[PDB]
Protein chains: 2
Amino acid sequence: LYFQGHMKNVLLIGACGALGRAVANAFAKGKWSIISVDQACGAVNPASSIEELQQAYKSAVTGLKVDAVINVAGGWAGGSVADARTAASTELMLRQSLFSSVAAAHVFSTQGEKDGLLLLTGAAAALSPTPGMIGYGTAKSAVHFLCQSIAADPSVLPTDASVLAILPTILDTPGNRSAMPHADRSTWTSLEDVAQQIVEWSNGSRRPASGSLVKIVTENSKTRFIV
Amino acid sequence: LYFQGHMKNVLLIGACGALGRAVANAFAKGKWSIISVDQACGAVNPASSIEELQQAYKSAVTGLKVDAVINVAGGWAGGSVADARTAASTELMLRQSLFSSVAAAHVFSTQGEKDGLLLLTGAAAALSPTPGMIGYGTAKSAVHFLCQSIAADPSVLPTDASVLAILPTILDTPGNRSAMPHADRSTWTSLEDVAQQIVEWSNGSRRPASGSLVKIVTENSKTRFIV
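Residues numbered from 1 in each chain as written, not as in the entry; some residues may be left out. Chains lettered and ligands numbered in written order. Heavy atoms only, no water. Residues with missing side-chain atoms left out of burial classes, pairs and counts.

S.K.: Give me the sheet that holds strand β2 (residues 33-36) of chain B: which residues, what numbers.
M.R.: Residues and elements named next belong to chain B. Within the open sheet, the seven strands sit side by side as β2-β1-β3-β4-β5-β6-β7. Their pairing is mixed. Taken across any chain shown, the strands that pair with only one partner, and hence form the sheet edges, are β2 and β7 (222-226). Across the sheet, the mean angle separating the axes of adjacent strands is 20° when strand polarity is ignored. Note: strand β4 (residues 112-121) against strand β5 (residues 162-168), five bridges, orientation parallel. By the bridge assignment for β5, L120 is matched with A165. Most of the contacts of helix α1 (residues 18-29) go to strand β1 (residues 9-13), to which it runs at about 170°, and overall it touches β1, β2, β3 (66-71) and β5. (Pairing = 2+ DSSP bridges. Helix = DSSP H or I, 4+ residues; strand = E, 2+ residues; numbered from the N terminus. Axes fitted to C-alpha atoms, helices over the stretch in contact; angles between N-to-C directions. Contact = heavy atoms within 4.5 Å.)

The structure is reproduced here in structure tokens:
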């Protein structure tokens, strides 16, 4: 007659960035419980070791199982091996994208629900060498490899778990608007389309094969998610 | 009648490991000047930022131009995203292999001689996903990407510079002998064959195309260097 459901829980990493806020709004409209580890904003020190991140992540979800672990953290910096500042900017992109993803994988493995989702954020541009974006290309290339490697042994993920990486080309962010203010935005992906796709996968449906690198391709302002 | 030559200088990173010592011995027999940044052993703190490594590297070669920058640093640890210790071990492999390689690229770019060599150390096993070696596969995959990315804009390297990554399968090291003491060693690459190949490339000849991932393939105890 009455059957009591259960709240779904998402561990959200990177909630403070443009895509992070769009993703938090989509989970909230979707009536998920959100644990925003990076919030209440800069809540976890970026100088954290991988071990310290996985401690802060385990601590934020104690006595919960998580149906999704969504990592959308990461900024962008340019630079070639010529610039002295490439060292500092690449260490930052490695910490925001790769350190966070390794820690997120361990919490997913130990606290994750059956049919759960781990979602990592790559970059379509990191499918090719990136001479002018050394740090960013190297960090996101590593995320892509980490996603394929996690997927390749399902015995250490929850049963019917999926790991996916999203590979955006260009996102329609305030930063992109002010950087390129007279460009055509017909290929810029809406943050809301990405966030709604992430919620749909997190609710269980339309997932490509675990380990997929899902390119986000926008043409004439319509988006497809392509493996 | 008499023409005075000049010493060739190598910046050697990772001189303390088995391959590092074999490489130092080969440069020394080859009458190169060796700057061993990691020596006099653990000379540079592994907890160094990329910026601090590139400072320690610039400082070790002040008022020299370097004909070669050779990075052979890196140990090995196992682990899946299941093990709590994967976080700490992966951060170590990222620091030893990738942090060192980004700093080495900047010193090569700013202090490197024309026709100079930058050599990075990958892993044949990182050409495929590595579920049981998450940290090691991810760190070496990143080195491979970094090598291709550096090569892809020659304008920020010295004229006729080459960047190469070596991708060993199994090296005949004391560690490998004691770990697998009844295995066949007919596919294990001699450290001296690798070191002599590195010196030959550093003297200028037999280099494949810049950005190459050179697999080291040993069969019936004979080694080839294959792109």
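S.K.: Quick one: what's the story with helix α3 (residues 86-111) of chain A, residue by residue and with numbers?
M.R.: Residues and elements named next belong to chain A. Counted at 1.5 Å a residue, the expected span for α3 with its 26 residues is 38 Å, and the 36 Å between its end C-alpha atoms agrees. The largest bend along α3 measures about 35° and falls at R95. The element α3 is largely enclosed, with a buried count of 22 among its 26 residues. (Expected span 1.5 Å × (residues − 1). Bend = angle between axes of the 7 residues up to and from the residue. Buried < 20%, exposed > 50% of the residue type's maximum accessible area, 1.4 Å probe, protein only.)

S.K.: Which residues make up the packing of aromatic side chains, and what values go with them?
M.R.: Residues and elements named next belong to chain A. Scanning all chains against the criterion turns up five aromatic pairs over all chains. When the centroid spacing of 4.9 Å and the interplanar angle of 70° are considered together, the rings of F27 and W32 count as edge-to-face. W32 matches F27 in its accessibility class, with the two residues each being buried. (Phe/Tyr/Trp six-rings, centres within 6.5 Å; stacked < 30°, edge-to-face > 60°.)

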